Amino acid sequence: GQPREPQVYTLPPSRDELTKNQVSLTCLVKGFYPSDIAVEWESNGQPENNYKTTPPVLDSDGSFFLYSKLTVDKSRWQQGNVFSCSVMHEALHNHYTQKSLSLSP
């Protein structure tokens, strides 16, 4: 079992969820091995409060994946705040990698 680096992808809220007062921001972390991993969410250099992460799940190729869900007030999403998903894993070159997510360009 060779170590494999996680691939990190951020997903904005579904348009159907945009009708609610709170929305979900998703971080997909896939293709990693071994399963030991840490995931955090932040915004404006401060960690977020309301997020949960699934346990790692074995994928069809023998690597693992997981999802982390951050819940925020829709107003914070629409005001263009940038949210970031940070991942720590032994296979990453610097043991750390981050991806951002925002409504703004």
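Residue indices: 1-based, along the sequence shown.
Colleague: Do the CA atoms of 29-37 or those of 64-72 have the higher mean B-factor in the entry?
Modeller: Per the deposited B-factors, the answer is 29-37.
Colleague: On average, are the C-alpha B-factors higher in 80-88 or in 14-22?
Modeller: Per the PDB record, 14-22.
Colleague: Give the position of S102 by CA B-factor within its chain, expressed as the lowest, middle or highest third.
Modeller: Its C-alpha B-factor, which the entry lists for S102, ranks in the middle third among residues of this chain.
Colleague: Using the B-factor values recorded in the entry, state whether the Cα atom of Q46 falls in the lowest, middle or highest third among the modelled residues of its chain.
Modeller: Tercile = highest for this residue's CA B-factor.
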